[PDB]
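Below is one structure; the comments refer to it alone.
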Amino acid sequence: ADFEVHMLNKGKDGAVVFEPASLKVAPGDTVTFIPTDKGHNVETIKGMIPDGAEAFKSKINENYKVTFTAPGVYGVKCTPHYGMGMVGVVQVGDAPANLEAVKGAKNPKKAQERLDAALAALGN
Ligand SMILES: [Cu+2]
Numbered sequence: 001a002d003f004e005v006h007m008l009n010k011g012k013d014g015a016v017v018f019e020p021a022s023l024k025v026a027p028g029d030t031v032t033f034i035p036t037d038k039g040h041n042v043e044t045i046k047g048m049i050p051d052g053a054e055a056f057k058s059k060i061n062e063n064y065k066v067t068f069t070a071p072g073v074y075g076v077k078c079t080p081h082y083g084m085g086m087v088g089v090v091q092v093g094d095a096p097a098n099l100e101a102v103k104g105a106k107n108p109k110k111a112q113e114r115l116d117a118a119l120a121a122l123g124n
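When we follow PDB author numbering, the leftmost residue of the sequence shown carries the number 1, and every step to the right adds one.
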């Protein structure tokens, strides 16, 4: 299955957001990060990707389709807007096994707040 996430200067949750900021998918599903507004990208957050996955980083303004295979939680950021909290979580499967590893990863405050909210929205 294929899902879409919009990269926005602003949205429901305020300044510099992924919409949605949380997404539950199955192994092998894809997510396309869409540069609806200019100036954004998507990058994995260190400490927030499960065993068997590979970190990535898209180019600014790249329409970017990512396959999520290994189960668990994936934290993503927009590289320039990470400090400002432009972050999201993609969760592959239920009962993610890397949850406490990812909860311990270090993030700047606005990012941490939005990451915790996305984790809670996903049932964690
Ligand atoms: Cu951004």
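Each residue gets a CB set at the ideal place from its N, CA and C atoms; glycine is no exception.
Own chain residues within Cβ distance below 7 Å of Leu115, not counting five before or after: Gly75, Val87, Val89 and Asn107
Can you name the residues that DSSP bridges to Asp29? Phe68
C-beta contact flag for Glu43 and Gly85 at 8 Å: no
At a threshold of 7 Å, does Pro80 count as lining ligand 1 (C-beta to nearest heavy atom)? Yes - ligand 1 has a heavy atom lying nearer than 7 Å to the Cβ of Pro80.
Since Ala15 sits in a beta bridge, which residues does DSSP pair it with? In the DSSP output, where bridge partners are listed per residue, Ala15 has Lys10.
Taking contact to mean at least 3 C-beta pairs separated by less than 8 Å, is the stretch 52-61 in contact with the stretch 12-30? no
Would DSSP call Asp51 helix, strand or coil? coil
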